[PDB]
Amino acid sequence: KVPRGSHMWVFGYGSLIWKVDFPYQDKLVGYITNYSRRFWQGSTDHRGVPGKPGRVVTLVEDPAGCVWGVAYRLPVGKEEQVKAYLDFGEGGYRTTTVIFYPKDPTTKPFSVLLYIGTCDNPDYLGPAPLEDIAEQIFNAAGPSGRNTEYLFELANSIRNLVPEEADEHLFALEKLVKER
């Protein structure tokens, strides 16, 4: 209710949806537009290893795109510090500000911080046929666990908060992997 002195939100589209390493005062399910979520990023430190990389999500510019996720509000008075913590966790990523549309119609859309991987990033793999991606995911495991666990968790989370049509690429991939 009462206005706050400062505001900063970060949009989570990947693992942040289910697991967060930073403190937050609020969270909301919603979507951003003009980007699409694709498993075109390689993982060598989480869901895969060097020489056997996993596939994880990254955001790609898509004018007709939509990405359903969770926006997290950084703690008031600690936003700048928390951001720094995040900035330091991320190769050549870039941050941008975008409009976040809450699932709840009662809350008005607002600006959020978004972290996006560049082509320049060393782990970027790029597009590949779904069957191949699914295969790579099925066989990959890294310091944080199996790649399949990451895909399934993301799928479960999205499903829990919205219909399956919300993300065709994700659901399709899950199906291909589940076919096993």
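Just count from 1 along the sequence shown to find any residue number.
field: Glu90-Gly91 interval: deposited residues absent from the model
entry: The entry leaves 1 to 3 residues without coordinates here.
message: Tell me which stretch, 153-161 or 11-19, has the higher mean Cα B-factor listed in the entry.
response: It is 153-161 that shows the higher mean C-alpha B-factor.
field: Mean Cα B-factor comparison, 114-122 or 31-39, giving the higher one as deposited
entry: Going by the record's values, the stretch with the higher mean is 114-122.
message: Taking only the Cα B-factors deposited for this chain, tell me whether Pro127 sits in the lowest, middle or highest third.
response: Highest third of the chain for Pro127's C-alpha B-factor.
field: Within-chain third of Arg94 by Cα B-factor, per the entry
entry: Answer is highest: the recorded C-alpha B-factor places it there.
message: Test of reading the entry: by CA B factor among the chain's modelled residues, which third contains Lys78?
response: Middle third of the chain for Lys78's C-alpha B-factor.
- request: Grab the CA temperature factor for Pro102 from the record and place it in the lowest, middle or highest third of its chain.
  value: It belongs to the lowest third of the chain when residues are ordered by C-alpha B-factor.
message: Can you tell me whether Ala134 has a C-alpha B-factor in the lowest, middle or highest third compared with the other modelled residues of the same chain?
response: According to the entry, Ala134 has a C-alpha B-factor in the chain's highest third.
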